[PDB]
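Each chain, written out:
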Amino acid sequence: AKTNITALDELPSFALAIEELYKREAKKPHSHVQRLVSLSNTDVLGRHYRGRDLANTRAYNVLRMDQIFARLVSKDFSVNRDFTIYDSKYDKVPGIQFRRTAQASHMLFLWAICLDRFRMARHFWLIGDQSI
Amino acid sequence: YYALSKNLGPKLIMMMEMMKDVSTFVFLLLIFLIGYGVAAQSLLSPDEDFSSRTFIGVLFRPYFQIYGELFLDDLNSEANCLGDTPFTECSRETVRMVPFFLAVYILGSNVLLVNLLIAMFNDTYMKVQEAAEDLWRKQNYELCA
Amino acid sequence: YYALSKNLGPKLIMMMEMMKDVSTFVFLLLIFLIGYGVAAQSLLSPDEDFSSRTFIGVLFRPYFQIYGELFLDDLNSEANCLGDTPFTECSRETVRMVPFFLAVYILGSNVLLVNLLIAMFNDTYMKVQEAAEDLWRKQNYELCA
Amino acid sequence: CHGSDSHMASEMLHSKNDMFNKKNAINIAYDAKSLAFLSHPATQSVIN
Amino acid sequence: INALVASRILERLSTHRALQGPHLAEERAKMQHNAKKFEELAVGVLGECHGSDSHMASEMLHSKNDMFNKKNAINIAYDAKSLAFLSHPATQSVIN
Amino acid sequence: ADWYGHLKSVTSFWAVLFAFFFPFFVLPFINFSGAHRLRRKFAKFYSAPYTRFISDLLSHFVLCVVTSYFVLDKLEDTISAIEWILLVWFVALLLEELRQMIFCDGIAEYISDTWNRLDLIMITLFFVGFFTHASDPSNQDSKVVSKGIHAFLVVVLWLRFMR
Amino acid sequence: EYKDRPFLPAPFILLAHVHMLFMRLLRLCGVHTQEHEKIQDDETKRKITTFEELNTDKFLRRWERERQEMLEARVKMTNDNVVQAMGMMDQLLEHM
Amino acid sequence: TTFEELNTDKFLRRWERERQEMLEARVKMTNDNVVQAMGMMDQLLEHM
Ligand SMILES: CC(C)CCC[C@@H](C)[C@H]1CC[C@H]2[C@@H]3CC=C4C[C@@H](O)CC[C@]4(C)[C@H]3CC[C@]12C
Ligand SMILES: CC(C)CCC[C@@H](C)[C@H]1CC[C@H]2[C@@H]3CC=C4C[C@@H](O)CC[C@]4(C)[C@H]3CC[C@]12C
Ligand SMILES: CC(C)CCC[C@@H](C)[C@H]1CC[C@H]2[C@@H]3CC=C4C[C@@H](O)CC[C@]4(C)[C@H]3CC[C@]12C
Ligand SMILES: CC(C)CCC[C@@H](C)[C@H]1CC[C@H]2[C@@H]3CC=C4C[C@@H](O)CC[C@]4(C)[C@H]3CC[C@]12C
Ligand SMILES: CC(C)CCC[C@@H](C)[C@H]1CC[C@H]2[C@@H]3CC=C4C[C@@H](O)CC[C@]4(C)[C@H]3CC[C@]12C
Ligand SMILES: [Mg+2]
Ligand SMILES: [Mg+2]
Ligand SMILES: [Mg+2]
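Labelled according to the PDB entry, chain H appears under the name TRPM2 chanzyme, originating from Salpingoeca rosetta.

The name the PDB entry gives chain A is TRPM2 chanzyme, with Salpingoeca rosetta as the organism.

The following block contains the structure:
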């Protein structure tokens, strides 16, 4: 459904699909992902501020998970996302197919690290960039 | 500033690791030191009011007797034994048990605990030498930064 | 001329190798010896002009106390404490901390550093025994030539 | 990387990455408490 | 003698001024590795000689070679700092 | 899990020790597992085996310190107050030894343990020394012989503290 | 040992001792004290039994699978397969 | 970036090649090949 937030509405389809993967794993009993999201104490955009329907229906968006992972790494993790490059007007750019791949793989990579699926993590780590 | 050196810095890191074994030795040694010290101080000076000097007598000689400095001439003088043989011809027969208690104590401390500490040090050294080298390589960056 | 022998020559070669561990021990020991010596010499004789005797006092007893020869009767005499219990009833209350500093120091030197040196010697011996045999076989040719 | 071209590997380790507020990979490795990465000869060569 | 020469040249080249450089590190390592391998070869051939005929092997080790100003193979091995060759039982038997 | 009973496994030695020393000031602000709740919190904290082990340690440590003080300080011409306290404490210890002997899996299981043997040596040494002193309290020689027996007692007590 | 020991420390453990003696006296002579306990249900017992049997089968299946991934077993199994393969070749050669 | 990706592919290719030269992997691969060989013999015996 359509959302009043301009940041959430800018998100492509595959981000909503990763949110669906988080939701399917989260609905399982005694799942650590749901516990992590609840104990994170963040809003819909992942900011540490602690309506209700939007905060539960879209509780597993990629930006919020990025913020949770950001506090998990160090005090200065900040992944810069650019979802504007997935529009058809940037098709003439030479290296764009790599960037779109790399960003997508990275997001899926982080999801596979969160569920502790090593094989899927290694494959998404291999396709994208900044390996080390 | 010893940490820059490839010989002294890893040894510094090992020293900090061996401090736990030293602490373990201190905890085991404390049992025999306090027990022997209270027993020996009571046998050497009976019918005396408790004071700070009693506490210093409990702590002073027992600790320094594990390093090989035996206070036997001094303990013989405090025991008021006048014989040519040292702990004989004393005023009280109970004070003649001092060399015996001591005989058990340094057997407990030097023969048993010190040699056990040598074994713990050798085992600990073999276990954490590679980790000390790795820790030195991380501290190399820390000092550089 | 011990190098001809199959027992003494390799042991000679090991001794030269263990000299580096001895040097490492000397560098670690120097820290505690100088620190305790300056502190202890200042506590035993305060309000005194610096002289060569001050430097000899810093170096003399601290070094020989790690071999088990405790100068406690001599330190007690220098502290001007007249009580039956040794470091009590002194003119200055600061000099009563001498047995405590010493208590830390020999814990640092005999309990910690000497046992660490034993561990380094055992590890070093196991590492370079075959190399010492090989080096002895090269020195066999050197002596023959 | 160190096997192929050590200087280019050093350049890679000195490169500032946007994902961690413009600082290099050794700082990232130290912050991640990766003792194995820090103890590696290539990283130690860059640090020396 | 050639195996000793190979070990000595690789060992001296690996610490030479011409091999210092960022790109030559692996190469240097390879040189050291190859040096040990050639040293092993020199030991191995020597061992075979001592297995077949020890006296003839002793005669071989005592033989003066023209390539090193008329002196024997043990002198060459010592000059090449080949500890493995010198520690071998055949060489030690000749030295004894 | 049996050791900590109905308490969280992340509790340290100092936290449980502090809560033991401050029952009404540290127990509410600790989350684990209103006379309805406060009584429940006491019954859960104080029914744990860990708390009983800590209570026995502290008790044996005071016993060692108080008995050590008693042996070091001079004996009076009559039986002192500290002697009576130690007498009550060692009869209680003897009754505790009898209670563990009766409810165990035989005399052999009890005597197998080195600490039970040490307990028997503790009780035996104290009672010999106490009756030696109590036979003639004004006799100087009796006090000297009693302190001589009690010298062995303090050594065994500190050895028994290593349990 | 410390599960069954009374809570109260050593100077005050006499109160606990006389309290237990008082309970023993009320149970043996008076018999005015009722004791209550809890008995496990058959459902949870059959659940534990089912769990234990399932895990027994899982460990044995895992153990057999692990023992077949060992080097000795794989070499032996490979050897028997090659022997059976030769027997089948003898049959093939007979048919030609 | 190009250097790092190329070296990532080289280490993974080298790692796979190294893992296939291990004794356990070679014995397992040899075992599967002999099993597939027996299946093909069953087909051969059917044809005779
Ligand atoms: C198990 C071992 C490590 C126990 C440690 C022993 C320590 C606590 C003991 C051993 C020797 C003791 C010292 C001996 C003598 C004196 C002089 C006196 O006028 C003041 C106390 C002082 C300075 C003591 C302080 C405590 C002391 C340092
Ligand atoms: C620790 C246990 C198992 C060992 C028992 C040995 C003890 C009890 C023995 C060993 C040496 C003994 C002492 C040796 C000499 C004398 C002098 C004598 O005129 C009175 C008794 C007295 C003072 C003895 C008392 C008992 C004694 C201390
Ligand atoms: C092999 C080793 C362990 C042998 C053990 C030595 C024992 C048995 C010896 C060594 C020193 C001895 C003590 C030395 C001096 C005295 C004082 C004397 O008035 C009574 C006996 C007594 C108390 C001795 C008892 C026995 C004793 C403790
Ligand atoms: C090294 C640190 C961590 C340990 C601290 C212990 C020090 C500060 C303690 C231990 C023993 C203490 C001394 C014990 C006895 C006396 C006698 C008293 O009339 C004056 C103070 C004086 C001289 C004390 C000074 C402080 C002292 C030296
Ligand atoms: C069970 C073990 C640890 C304890 C050994 C028993 C002790 C408490 C007993 C055994 C023999 C006893 C000694 C026997 C005789 C004498 C002589 C007397 O004039 C003074 C007391 C003295 C010196 C006794 C002191 C206490 C003593 C040493
Ligand atoms: Mg890639
Ligand atoms: Mg000595
Ligand atoms: Mg008991």
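The subject of this paragraph is the overall build of chain A. Assigned secondary structure in chain A consists of seven helices and zero strands. Reading the secondary structure of chain A in the N-to-C direction produces α-α-α-α-α-α-α. For a compact globule of 132 residues, the expected C-alpha radius of gyration is about 14 Å, and chain A comes in at 15 Å, within 12% of that figure. Seen through its principal axes, chain A has C-alpha atoms that stretch 45 × 35 × 30 Å.

This brings us to the coordination of the magnesium ion (ligand 6). Around the magnesium ion (ligand 6), the donor atoms from the protein are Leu-126 of chain A (O), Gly-128 of chain A (O), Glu-5 of chain H (OE) and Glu-5 of chain H (OE), and they sit 2.1 to 2.7 Å away. Of this pair, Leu-126 of chain A sits in helix 7 (residues 118-127) while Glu-5 of chain H sits in helix 1 (residues 2-20), each in a different chain. Since its relative accessible area comes to 14%, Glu-5 of chain H is described here as buried.

Our next topic: the interface of chain H and chain G. Taken residue by residue, the interface counts 14 residues in chain H and 14 residues in chain G. Inspection of the region where chain H meets chain G yields zero salt bridges. At the surface where chain H touches chain G, the tally comes to zero residue pairs in polar contact. Considering only residue class, the side of chain H that touches chain G consists of nine nonpolar, two polar and three charged.

Here we take up the site of ligand 1. Neighbouring ligand 1 are 13 residues; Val-26, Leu-59 and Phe-60 of chain B together with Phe-87 and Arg-96 of chain C lie closest to it. The environment around ligand 1 is built from residues contributed by chains B and C. Separating an oxygen atom of ligand 1 from a backbone N or O atom of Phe-87 of chain C is a distance of 2.6 Å. One of the side-chain nitrogen or oxygen atoms of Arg-96 of chain C is found 2.9 Å away from an oxygen atom of ligand 1. Relative to its unbound accessible area of 610 Å², ligand 1 is 78% covered by the protein chains.

Here we take up the relation of the copies chain C and chain B. The two copies are related by a screw operation: chain C maps onto chain B through 90 degrees of rotation and 0.0 Å of translation along the axis, at an RMSD of 0.0 Å. Accordingly, the operation relating the two chain copies is best matched by a four-fold axis. Closest approach to the rotation axis among the C-alpha atoms of chain C is made by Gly-68 of chain C, whose C-alpha sits 4.1 Å away. A share of only 9% of interface residues in chain C that are also interface residues in chain B marks the association as one of differing surfaces.

The final tally for this structure, using the stated rule, is 38 aromatic pairs over all chains. Each ring, one from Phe-100 of chain C and one from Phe-101 of chain C, has its centre 6.1 Å from the other, and the planes form 90 degrees; the classification is edge-to-face. Judged by relative accessible area, which is 56%, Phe-100 of chain C ranks as exposed. Judged by centre distance (5.1 Å) and plane angle (45 degrees), the ring pair of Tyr-46 of chain F and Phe-7 of chain G falls under tilted. Separated into two different chains, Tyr-46 of chain F in the loop between helix 3 (35-45) and helix 4 (49-72) and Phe-7 of chain G in the segment before helix 1 (13-30) make up a pair that spans both. With relative accessibility at 16%, the residue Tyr-46 of chain F sits in the buried group. Overall, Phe-7 of chain G belongs to the partly exposed group, its relative accessible area being 29%.

With that settled, the discussion passes to the environment of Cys-81 of chain C. Locating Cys-81 of chain C in the fold gives a position in the loop between helix 3 (72-78) and helix 4 (98-144). Sequence separation of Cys-81 of chain C and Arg-92 of chain C is eleven residues, and the distance between their C-alpha atoms is 8.9 Å.

Let's shift gears to the packing of helix 3 (residues 32-40) of chain A against helix 5 (residues 62-73) of chain A. Residues and elements named next belong to chain A. Look at helix 3 against helix 5: their axes get within 11 Å of each other, and the N-to-C directions meet at 80 degrees. Comparing the axis directions of helix 3 and helix 5 gives the class roughly perpendicular. Contacts from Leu-36, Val-37 and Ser-40 of helix 3 reach helix 5 at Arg-64, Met-65 and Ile-68.

Before going further, it helps to examine the site of ligand 3. Residue and element names in this part refer to chain B. Near ligand 3, the surroundings consist of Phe-87, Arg-96, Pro-99, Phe-100 and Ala-103. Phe-87 is positioned such that a nitrogen or oxygen atom in its backbone is 2.6 Å from an oxygen atom of ligand 3. Separating an oxygen atom of ligand 3 from a side-chain N or O atom of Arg-96 is a distance of 2.9 Å. Here the shell around ligand 3 is built from residues that sort into four nonpolar, no polar and one charged.

Next up on the list: the state of the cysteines. Residue and element names in this part refer to chain C. Throughout the structure, instances matching the rule amount to two disulfides over all chains. Disulfide partner of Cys-81: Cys-90, at an S-S distance of 2.0 Å. In this structure, the disulfide formed by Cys-81 and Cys-90 twists by about 105 degrees around the S-S bond and is classed as right-handed. For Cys-90, a relative accessible area of 12% corresponds to the buried category.

Quick look at a nonpolar patch on the surface now. Residue and element names in this part refer to chain C. The grouping of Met-15, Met-16, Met-19, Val-22, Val-26 and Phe-27 at the surface amounts to a nonpolar patch, some 540 Å² of accessible area in total. Locating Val-22 in the fold gives a position in helix 1 (residues 8-44). Using a relative accessible area of 31% as the deciding quantity, one classes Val-22 as partly exposed.

Across the ten pairs of chains that are in contact, the largest number of contacts falls between chains B and C. At the level of C-alpha atoms, the two units chain B and chain E stay apart, their nearest approach being 20 Å. Nothing in chain C touches chain H, and the closest approach of their C-alpha atoms is 30 Å.

This paragraph deals with the environment of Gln-34 of chain A. All names here are of chain A. Counting through the fold element by element, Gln-34 comes out in helix 3. When the C-alpha atoms of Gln-34 and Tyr-49 are compared, they prove to be 18 Å apart, with 15 residues separating the residues in sequence. When near neighbours in sequence (up to four residues on either side) are disregarded, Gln-34 contacts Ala-26 and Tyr-60.

Here the focus is the side chain of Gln-41 of chain B. Relative to the helices and strands, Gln-41 of chain B resides in helix 1 (residues 8-44). Accessibility expressed as a relative area gives 12% for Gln-41 of chain B, which makes it buried. Non-local contacts of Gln-41 of chain B, meaning those with residues more than four positions away in its chain, are made with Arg-53, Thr-54, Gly-57 and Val-58 of chain B together with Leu-72 of chain F.

What counts as what
- Residues numbered from 1 in each chain as written, not as in the entry; some residues may be left out.
- Chains lettered and ligands numbered in written order.
- Part of a larger assembly, values for the part shown.
- Heavy atoms only, no water.
- Residues with missing side-chain atoms left out of burial classes, pairs and counts.
- Helix = DSSP H or I, 4+ residues; strand = E, 2+ residues; numbered from the N terminus.
- Rg over C-alpha atoms; globule rule 2.2 N^0.38 Å.
- Donors = N, O, S within 2.8 Å, 3.2 Å for Na, K, Ca; no water.
- Buried < 20%, exposed > 50% of the residue type's maximum accessible area, 1.4 Å probe, protein only.
- Contact = heavy atoms within 4.5 Å.
- Salt bridge = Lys/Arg side-chain N within 4 Å of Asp/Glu carboxyl O.
- Polar contact = N/O pair within 3.5 Å; in protein donor to acceptor, adjacent residues only side chain to side chain.
- Nonpolar A, V, L, I, M, F, W, Y, C, P; charged D, E, K, R; others polar.
- Near = heavy atom within 4 Å.
- Areas by Shrake-Rupley, 256 points an atom, 1.4 Å probe, with all protein chains shown as cover.
- Least-squares fit on C-alpha atoms.
- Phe/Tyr/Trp six-rings, centres within 6.5 Å; stacked < 30°, edge-to-face > 60°.
- Axes fitted to C-alpha atoms, helices over the stretch in contact; angles between N-to-C directions.
- Parallel < 35°, antiparallel > 145°, perpendicular 65-115°, else oblique.
- Disulfide = S-S within 2.5 Å.
- Patch = residues over 30% accessible without salt bridge, like charges linked within 9 Å, V, L, I, M, F, W, Y side chains within 5 Å.

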